[PDB]
Amino acid sequence: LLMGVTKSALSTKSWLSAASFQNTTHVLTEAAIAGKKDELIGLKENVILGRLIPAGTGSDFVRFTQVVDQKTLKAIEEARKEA
Amino acid sequence: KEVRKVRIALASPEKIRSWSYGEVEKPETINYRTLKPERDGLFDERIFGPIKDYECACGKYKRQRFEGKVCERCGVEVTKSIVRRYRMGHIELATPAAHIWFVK
Amino acid sequence: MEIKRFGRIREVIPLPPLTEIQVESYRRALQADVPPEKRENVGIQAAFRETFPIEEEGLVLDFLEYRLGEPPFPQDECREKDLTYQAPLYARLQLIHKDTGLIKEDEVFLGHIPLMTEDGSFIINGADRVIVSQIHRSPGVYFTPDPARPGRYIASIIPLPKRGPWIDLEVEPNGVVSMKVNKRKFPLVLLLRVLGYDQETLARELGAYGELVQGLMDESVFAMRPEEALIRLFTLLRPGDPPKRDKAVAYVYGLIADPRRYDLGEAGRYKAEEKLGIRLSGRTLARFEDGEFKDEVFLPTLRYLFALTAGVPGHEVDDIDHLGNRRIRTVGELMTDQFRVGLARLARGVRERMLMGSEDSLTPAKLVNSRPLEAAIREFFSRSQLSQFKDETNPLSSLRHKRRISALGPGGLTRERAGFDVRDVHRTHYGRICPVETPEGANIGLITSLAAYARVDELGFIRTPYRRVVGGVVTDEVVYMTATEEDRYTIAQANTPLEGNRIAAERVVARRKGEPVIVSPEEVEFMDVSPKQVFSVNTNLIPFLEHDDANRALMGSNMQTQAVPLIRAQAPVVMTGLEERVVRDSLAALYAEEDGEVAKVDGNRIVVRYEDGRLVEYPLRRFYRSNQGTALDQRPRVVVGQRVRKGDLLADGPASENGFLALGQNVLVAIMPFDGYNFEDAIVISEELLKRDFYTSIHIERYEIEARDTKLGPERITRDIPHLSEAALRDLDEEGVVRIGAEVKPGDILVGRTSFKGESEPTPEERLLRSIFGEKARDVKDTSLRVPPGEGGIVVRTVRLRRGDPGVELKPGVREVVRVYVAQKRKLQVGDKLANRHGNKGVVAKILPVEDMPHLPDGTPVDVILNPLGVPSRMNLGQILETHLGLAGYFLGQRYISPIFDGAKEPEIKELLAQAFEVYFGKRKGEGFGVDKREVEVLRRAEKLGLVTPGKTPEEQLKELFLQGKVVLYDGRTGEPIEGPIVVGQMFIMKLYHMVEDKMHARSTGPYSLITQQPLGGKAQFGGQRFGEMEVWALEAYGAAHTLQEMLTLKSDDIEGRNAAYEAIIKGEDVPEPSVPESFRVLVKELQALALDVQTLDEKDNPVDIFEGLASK
Amino acid sequence: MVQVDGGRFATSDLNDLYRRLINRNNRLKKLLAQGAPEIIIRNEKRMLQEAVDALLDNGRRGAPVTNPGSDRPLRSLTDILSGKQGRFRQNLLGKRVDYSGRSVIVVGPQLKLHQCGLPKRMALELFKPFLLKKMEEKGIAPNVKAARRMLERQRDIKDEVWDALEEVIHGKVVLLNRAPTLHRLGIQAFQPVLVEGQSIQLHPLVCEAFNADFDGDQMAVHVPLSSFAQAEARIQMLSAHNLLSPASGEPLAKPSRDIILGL
Amino acid sequence: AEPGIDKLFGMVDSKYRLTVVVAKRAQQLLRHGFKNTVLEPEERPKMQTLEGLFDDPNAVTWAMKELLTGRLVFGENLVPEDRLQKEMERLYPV
Amino acid sequence: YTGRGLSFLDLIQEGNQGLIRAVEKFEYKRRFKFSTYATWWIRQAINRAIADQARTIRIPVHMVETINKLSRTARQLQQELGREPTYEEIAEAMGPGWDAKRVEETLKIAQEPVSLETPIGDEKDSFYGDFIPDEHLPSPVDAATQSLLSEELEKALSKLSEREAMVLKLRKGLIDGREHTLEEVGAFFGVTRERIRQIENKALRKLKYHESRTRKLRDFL
Amino acid sequence: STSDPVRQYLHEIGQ
DNA sequence: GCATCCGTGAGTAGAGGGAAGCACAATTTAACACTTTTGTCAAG
DNA sequence: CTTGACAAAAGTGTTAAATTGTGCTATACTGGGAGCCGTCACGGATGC
Ligand SMILES: Nc1ncnc2c1ncn2[C@@H]1O[C@H](COP(=O)(O)OP(=O)(O)OP(=O)(O)OP(=O)(O)OC[C@H]2O[C@@H](n3ccc(=O)[nH]c3=O)[C@H](O)[C@@H]2O)[C@@H](O)[C@H]1O
Ligand SMILES: [Mg+2]
Ligand SMILES: [Mg+2]
Ligand SMILES: [Mg+2]
Ligand SMILES: [Zn+2]
């Protein structure tokens, strides 16, 4: 199937992002009856809720990186292993 | 403890009454000479909360020691005044009315 | 300094009064000075005769006459006391009892009518205002083709706005003609039956065109009685409504035959008669007399439609954008329209008041309630789109505002729904609407200007003058004609060569219905008066306009409105010839009424002894604040004992120099790049401009404060402010107001005020704090008025108004109001905007000392450096020619007047430069100096560029470069010459209203909104900057997740996050983690009000509370 | 329903819509108790349905409800949430922020690619919380509260405050923005240099990306606050780090105008 | 341009990982008052003041210079989070 | 009665209530027609509804009648004086017991609230509510001052004795938010009220001496 | 049709 | 097909703007006279 | 540490004055008023 950009954006799973685009009354009516849940996958929904966007420094690929100097590392490593 | 999803659904009449702290029975807003909220109106302190933090509408409690207390004379709960942004009321209709979103 | 004039065209007539579009139209409407018995049926007089007499249907109220009284207060008092300059209106009415036959007459007070000043503006609530004229489609009968189906036409009947519905006549595919009223379609045959028409009459008149008549010969409705057809028609027009004759005849008569509900207008009636070739008795579609409806215009309209379809030569379609089909509604017509609406409401109240209460004992005074009339009049002058705040930055600004034409407003077009056809330049705009002066943007083509020689006629059509040509010779007879009349003649161009009064050229350039043609002199019937009639006043002030591109010429004329008056303003070196008339017609300067001798000269007054012996004293306006904040003053220009003729100048107004318009300065300009400080329209200036007070302007700001009554107590204006030191109270007088002449800076107090604090519970911490220091609290707090950041100056005036003063109408609960005026002198600085008349504009980016600027070999430095890269892409060569003529006049000490399209040419400019070289270089030879060594080096390169002829002497080669406008220029920093000759000359540059000192703003924390809790906006509110949707997209594309989250929460509406962020910084810590924004909480509550359940969940789908248990029962 | 600086009150349109529904609901209760005929009851019920519609979505069905004395329709719940002026597009996808300013721009030819010119007066307000801490650290002010009172009055500011402001901004960057922001290059980060005057100085080589010239254009300034925000701006958004076009890969900061003419 | 920006981008697989490492290291330095730095006394960044030459107060500048030396270790799942903070506090009281 | 604050359908429904009342009280023995007696009740019901429901801020019926009389009197004086009357002129014509002060106070009462969604300017993007700040929630500057004062006050209390500090913290209300009198403080600590008075004053004087030598608590007032 | 509540009420009482 | 109905149309800034009266009954408010509190001046 | 013993302040009770709420009026009267086309142009969905 082939769609235009306007119709493709309005058929997305997230009702939060679709409602903020246009045709808000129609989007909200259909989402309420079906009991839809928004999983907060895209960028628009995280902006509305004031959360960190899943891109750039907020992506899970680099978000959990740790930094530590060698002096701290040697003390941490030894103390736990020898105990 | 962290939000991960948001759900939207229809609200039953029983759920709407569970949200409300009271029923609005009069269309009066505030008194014309004292400028104070009127009882059972759209700005009643017994329904939506006090105008100022830890102070009832009868000048009997003015302290934070009475947290979660309801005055026995005015019926206003002694708490923070910021609850007036979150507490809701309800109106009981004499006859049912349809929601225009699901009609038009 | 003598003035040299160019040109060959001899104008036979001068320019008309430039404000007569405003002044004359309002005089006709009021008719205040004409005796009542000789008043015409126009203006408010026609309104009275339309609503009256009022009949109960036996009580009759009749109108006799009206009058206007003297204004209660003068114009100066109205501005100071926030009043309206108006005159009382009285009406003479009589009440006649049809039963008894007794008449009582008395004069009733109807209200106040705002008065127009001598310059053509109004004072509404103490503020100057201008009513802008409106352009719209003229009423009449029009014929256009059907776009859906070729070969078919539609006939339309258009009344005045809000004076009847539109009528459409269309031939349906079945052949039956239809008539459409109020979105309802119905057969025209039914309507014709009501008008007493037979088939024999219809066949005789409309049966000689073709098969069209076959659709107008129904027989089921024909035999029906016209009264029976009337009741059938009423059913179609009004479905459901019960079919009663009293409800039916009162509907058909009021639809097309009621003069009080349907009005074709004087313009519409005139157009219909001209097009249809008939004579209309009134301004209605039909006339109802003797209990029967009589046709007036329907049959001639249908005859034209049938003939047009057949294809007879005498019938043609109508162009709706043709300027003969569009008319102008002036201020007089717009006010009268609202006057009639208010008068109609008054009659309704009178009718209902005479059918109840004291029927026998009634008087015209008791029946009349004038409040609805006063309400409608005050609404038009206050809350109408066409009533606009007056623009008076300079005298030219206010002159242009009164000549503007707008297609918007009530009954006009919409800015968003306007198409391309209405915004285009029509061929009929020639000589009537200026083709270049318009605002670029969403209003392009919708707001325009009247041409210089054009004038609006009685019917509202613009006319332009022409010269009659008979037998090949041009006469002095001038004829004003409309666009429709102009299409019947061949009109030549004003630049046609003439030997006396006879055309000399064998080939003549002319126009035929707007198209250019070449004709013989014997075929010419009319000639143009001057090239100036094609353009407006602002465009006529641009010299060498023919060398400038139209797009850039739009900017040049528009920006002259934004020039600010200067303390040393001077007239331009090169003028067009309209400078004197602009000052004269703006009423800003002062002129002698007749011949006489000046007796007393002062900075505040001038007294003149006229020849007949009377003494007249003229007070001068000094240091007055306009609507825009610029200072307007008048400087005397005569001495005691000087003899003056009639019309001689007495005192110069703002932005004028000896009666000539003066919007800027004349400066020496070099066109060359300079170290990247000329990059992208930037301008480099010299410090010598500031030393001689060039481009220095004076501005005044106004501050206001009020003292009110409160339940807690009255606010007091006092000097005793609690917890204030003597340093802060130094400049206040005993009454608490700042003294006149004191210098004020940001944070200083202008007027002191105390308020009662009210009841409250001092925090426990402040309780201990006040107990340790033993300081009893006061019952008042500081609520004084202070200087806003980035402002200040010198206090020059204080105004105090108190309750009970004569003419002071304060709001209830207000005790007094104090106003303070602060004046500052602004010098040129980096960031200020400069422009010339050819559309070149830029900001000042660098100010250099005198020893750094390039200089002439005689030691004279230039003032302004302009980048040559701005010329080739903009194609505005007029500034180059102006610079060349400026250089010649600099050494010859003379000024010039070159009219547009007929003025100075290069052969004339180059011969003036030859004389200027003999004084620029001949002076050097006499002093004993030859040719510089550095000049020899530059001349060697000049011949390599092909600029000078090889083999000539150094002096001859220097003269060749001078004739091209180029001189040898030395560098001030090094002393070495520029490697190439540079164009140097004199140019006229203006200083614009947009200044950096009024635009810089910053904020750390400030006020917040009520509901969204987000920062407010605007510099006046100390607001923040808007981070819109497209700005959020930019941060997302960068991947700056944490930067984006800060602006969404920590800096806008996360209340707990913004309080904690501030406290962390002042303690030397890092800002904490953000939280949920307040705007999302508002969205959830608003969705619950729509009976929608919105819940936030977690990884395990369990509900998560984002209200901290403050809303859970 | 709040009072203003004067004495008059201001209230929202939702209060009127709620009043209409209550008034008609209470009248129907009284009519039912009196045993009114069905014709009167049916009119009241039809009016109650229309009152609920106006509160939820005004103007969707029938003529919109307007306030007496005016023709302006009342704003309903649906109007609040939808449109360009609705809650989503005006308050959720975009906001007004603190620590921001605006001024006219001029060309600075002596600046480096990573530098801009910031007026001193703008920088004092933009970095006010940082400056108050710095003045307290030195002997300029005894505490933060006394430090803030000194900056309120222009004539009360000493010359040592400007020396402290230099130390505050050492190494920090700010964001410059020009509307409309067609692409991500409409926002860039620069290391500010304090200048005398009231206009911002812009590097010549970044004008093309901003599409900015010097005939009246203005710009906005923003201050990242935390260490994370400063690190992202200095690494990912610095002007000297974005030299190629993201759309085509060709250079975007390159010689132009007088620079090409001279070379 | 930031000094050594070309070399810093070549130390990580993703350009956004470098920003995370720099930002977290800057927070560590501010928490302990620059007492945990791996820089030599002659390598400390300095700023010029009227009184004299003092230490640079910008922690982001310190973190970028520390990464160029190569004495810092970064990665995912290096040490338990609780063990890291408690050990750092014991070594560098503040 | 249209154009006085109620819609046409609302006026009809209120009039229908008056019609029902007239049926119960009507007496046909008097030989008067029904419309003669029912007109009084229908008009009364409409008039009372206007005085009770036409204003956002309800005003009592007695004051509504006063406002209508005041406006009607001013209109008659305006057409006779040829100008807007002053408060003194209105008060004199109003009757005994009226002065200019009462006229102005009544006019202030009769003022209706303005809408927050009133458009300002031709472009439909600016409204009244965009210019009204919120004065209820404390600003970040005010919130930070309270925290700084509290931490400095508790730092100075540490110079006092353990018993002396507790007395001041209870006699001023720094716990639970409520001030405690010499009786309840005495009840909690088992001492008389004259004793607490002296030690409460004694601890206050020691704080004054410390403050004067450092000047660390003066800027907060 | 039926777009005017006032017209609808007038028709009903006319029966 | 072709008729009817419905939602959509760039950004930032400024700057002005901003029509009854009466009587009678309930109900609330303000003045004022005691009366218990509760801080205090002085001893011991 | 405690007793005494006022003196002003806070608390209580009664009551008249002011304010607010409610009912009623008898010639006969019986279906609204306002509006008025540069009606915005164009897809998309739906009904038939
Ligand atoms: N430093 C450099 N700067 C520019 N281009 C440079 C440079 N270096 C190399 N290039 C090359 O040169 C090409 C352009 O060459 P060019 O000759 O066509 O340029 P120009 O002289 O006409 O300058 P320009 O600013 O465009 O004029 P304008 O249209 O009046 O600007 C008005 C502005 O106001 C704004 N606005 C206005 C109204 C409105 O409703 N909304 C609205 O937002 C809007 O932002 C609009 O743009 C470039 O693409 C590039 O490849
Ligand atoms: Mg414009
Ligand atoms: Mg440009
Ligand atoms: Mg520009
Ligand atoms: Zn209480």
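Side chains are part of it too, since the values below use all heavy atoms of this structure and drop only hydrogens, waters and symmetry mates. Letters A, B, ... are given to chains in the order of the sequence lines, protein chains preceding strands, and every chain is numbered from 1.
- Taking the P atom of each, I:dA7 and H:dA43 are spaced 15 Å apart, rounded to whole Å.
- If you check every strand for non-hydrogen atoms under 4.0 Å, B:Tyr32 touches sugar and phosphate atoms only.
- For H:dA10, the torsion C1'-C2'-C3'-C4' is above zero, which places the sugar in the north, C3'-endo range.
- Bracketed by its first and final contacts, the part of DNA chain I lying under 4.0 Å from non-hydrogen atoms of chain G reaches from I:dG31 to I:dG32 in 5' to 3' order.
- Note on C:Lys1019: only backbone sugar-phosphate atoms sit closer than 4.0 angstrom, heavy atoms only; bases stay farther off.
- When rounded to the nearest whole Å, the span between CG of F:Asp125 and P of H:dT12 equals 10 Å.
- Rounded to an integer number of Å, the gap from CZ of C:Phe1027 to P of H:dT12 is 11 Å.
- Taking the nucleotide of DNA chain I with the nearest heavy atom to each of C:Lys162 and C:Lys183, the more 5' of the two is matched to C:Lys162.
- Judged by ring-centre distance under 5.5 Å and interplanar angle under 30°, strand neighbours I:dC29 and I:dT30 are not stacked.
- The pair F:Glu194-F:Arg197 meets the salt-bridge criterion, with a side-chain N (NZ, NE, NH1 or NH2) lying under 4.0 Å from an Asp/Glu carboxylate O.
- For the P atoms, the distance from H:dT29 to I:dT20 is 9 Å, rounded to whole Å.
- A cation-pi geometry, defined here as NZ or CZ lying under 6.0 Å from the six-membered ring centre and within 45° of its normal, holds between F:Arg43 and F:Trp40.
- D:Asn177 comes within 4.0 angstrom of no nucleic acid atom, judged by non-hydrogen atoms across all strands.
- Taking atom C1' on both nucleotides, I:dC6 is separated from H:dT35 by 16 Å, rounded to a whole Å.
- Not a single donor-acceptor contact under 3.5 angstrom links the side-chain atoms of D:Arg102 to the base of H:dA13.
- Contact detail for C:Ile167 and C:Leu285: the closest heavy-atom pair is CG1-CD1, 4.1 Å.
- Residue note: I:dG38 shows a south-type sugar, the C1'-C2'-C3'-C4' torsion being below zero.
- Applying the side-chain hydrogen bond (donor to acceptor under 3.5 Å, both in side chains) test between F:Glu27 and each of F:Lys25, F:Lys29, F:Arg30 identifies F:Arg30 as the sole match.
- Nucleic acid contact class of C:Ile320 (heavy atoms, under 4.0 Å, all strands): base.
- Within the 4.0 angstrom heavy-atom criterion, only backbone atoms of the sugar-phosphate kind lie near C:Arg1026; the bases stay farther away.
- F:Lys33 comes within 4.0 angstrom of sugar-phosphate atoms only, judged by non-hydrogen atoms across all strands, and of no base.
- The neighbour count for B:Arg39 CZ, taken as heavy atoms of other residues, nucleotides or ligands under 6.0 Å away, does not exceed 12.
- A positive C1'-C2'-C3'-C4' angle places the sugar of H:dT12 in the north (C3'-endo) family.
- Residue-level contact check: F:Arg72 touches the backbone only, with heavy atoms under 4.0 Å from sugar-phosphate atoms and none from bases.
- Residue F:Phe26 comes nearest to F:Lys33 through the heavy atom pair CE1-O, 4.0 Å, listed as atom of the first residue, atom of the second, then distance.
- Atom name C1', nucleotides I:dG21 and H:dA23: the rounded distance is 13 Å, in whole Å.
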Listing time: all N or O pairs from protein to nucleotides 3-8 of chain H that are below 3.5 Å?
residue: H:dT8; atom: OP1; partner: A:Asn23; partner atom: N; Å: 3.0

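- Sorted by first then second residue, the salt bridge (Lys or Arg N to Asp or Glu O under 4.0 Å) pairs that include residues 3-14 of chain G, not counting sequence neighbours, are D:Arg42-G:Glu12, D:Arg46-G:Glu12, G:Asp4-G:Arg7.
- Note on D:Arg8: nothing from the nucleic acid sits closer than 4.0 angstrom, heavy atoms only.
- For the P atoms, the distance linking I:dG31 with H:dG18 amounts to 43 Å, nearest Å.
- Atom CZ of C:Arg129 has more than 12 neighbouring heavy atoms from other residues, nucleotides or ligands inside a 6.0 Å radius.
- Smallest separation of non-hydrogen atoms from D:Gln85 and F:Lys124: NE2-O, 3.8 Å.
- Distance check on atom P: H:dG39 versus I:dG11 gives 11 Å, rounded to whole Å.
- Residues of residues 59-68 of chain F that place a heavy atom closer than 4.0 Å to DNA chain I, in numerical order, are F:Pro60, F:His62.
- For I:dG44, the sign convention on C1'-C2'-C3'-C4' gives a south pucker, since the angle is negative.
- Using a 4.0 Å heavy-atom cutoff across all strands shown, C:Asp321 reaches at least one base atom of the nucleic acid.
- Nucleic acid contact for A:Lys7: sugar-phosphate only, since backbone atoms but no base atoms lie under 4.0 Å from a heavy atom of the residue.
- Comparing F:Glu27 and G:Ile13 against DNA chain I, the residue whose closest nucleotide sits nearer the 5' end is F:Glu27.
- Neighbours I:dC37 and I:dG38 form no stacked pair of bases, judged on six-membered rings against the 5.5 Å and 30° limits.
- Annotation: I:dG32 and H:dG11 have their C1' atoms spaced 48 Å apart (nearest Å).
- Contact annotation for F:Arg48: base contact, defined as any heavy-atom pair under 4.0 Å involving a base atom.
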Footprint string (nucleotides 39-44 of chain H, 5' to 3'): B base within contact, S backbone only, - free, heavy atoms under 4.0 Å: BBBB--
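- Every residue was checked against the side-chain hydrogen bond (donor to acceptor under 3.5 Å, both in side chains) condition with B:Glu38, not counting sequence neighbours, and none meets it.
- For C:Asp998, the side chain to side chain contact (heavy atoms under 4.5 Å, CB included) partners at least two apart in sequence or on another chain are C:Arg826, C:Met995.
- At most 12 heavy atoms of other shown residues, nucleotides or ligands fall within 6.0 angstrom of atom CG in C:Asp246.
- Put simply, CZ on B:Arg33 is 13 Å from P on H:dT28, counting in whole angstrom units.
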Write down the protein N/O and nucleotide N/O pairs, taken from nucleotides 15-18 of chain H, whose separation is under 3.5 Å; answer none if there are no such pairs.
residue: H:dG17; atom: OP1; partner: C:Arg129; partner atom: NH2; Å: 2.5
residue: H:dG17; atom: OP2; partner: C:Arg129; partner atom: NH2; Å: 3.1
residue: H:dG18; atom: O4'; partner: F:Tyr128; partner atom: OH; Å: 2.7

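- Sugar conformation at H:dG18 is north: the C1'-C2'-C3'-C4' dihedral has a positive sign, consistent with the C3'-endo side.
- Sorted by first and then second residue, the pairs that involve residues 111-123 of chain F and meet salt bridge (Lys or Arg N to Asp or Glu O under 4.0 Å), not counting sequence neighbours, are F:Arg55-F:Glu112.
- The same atom, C1', is picked in H:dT38 and in I:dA5; the two are 13 Å apart, to the nearest Å.
- Here F:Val191 lies in heavy-atom contact (under 4.0 Å) with sugar-phosphate atoms only.
- For B:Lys36, the side chain to side chain contact (heavy atoms under 4.5 Å, CB included) partners two or more places apart in sequence, or in a different chain, are B:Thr34.
- Heavy-atom nearest nucleotides on DNA chain H were determined for C:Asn369 and for D:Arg96, and the one closer to the 5' end corresponds to D:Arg96.
- Between H:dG17 and its strand neighbour H:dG18 the base rings do not stack, failing centres under 5.5 Å or planes under 30°.
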When Watson-Crick pairs (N1 to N3 and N6-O4 or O6-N4) and G-U wobble pairs (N1-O2 and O6-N3) count only below 3.5 Å on both distances, what is the dot-bracket string of DNA chain H, with | for other-strand pairs? |||||||||..........||||.|.||||||||.||||.||||
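- Applying the side-chain hydrogen bond (donor to acceptor under 3.5 Å, both in side chains) criterion to C:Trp1033, with sequence neighbours excluded, gives no partner residue.
- Across all strands shown, D:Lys84 has heavy atoms under 4.0 Å from sugar-phosphate atoms exclusively, and none from any base.
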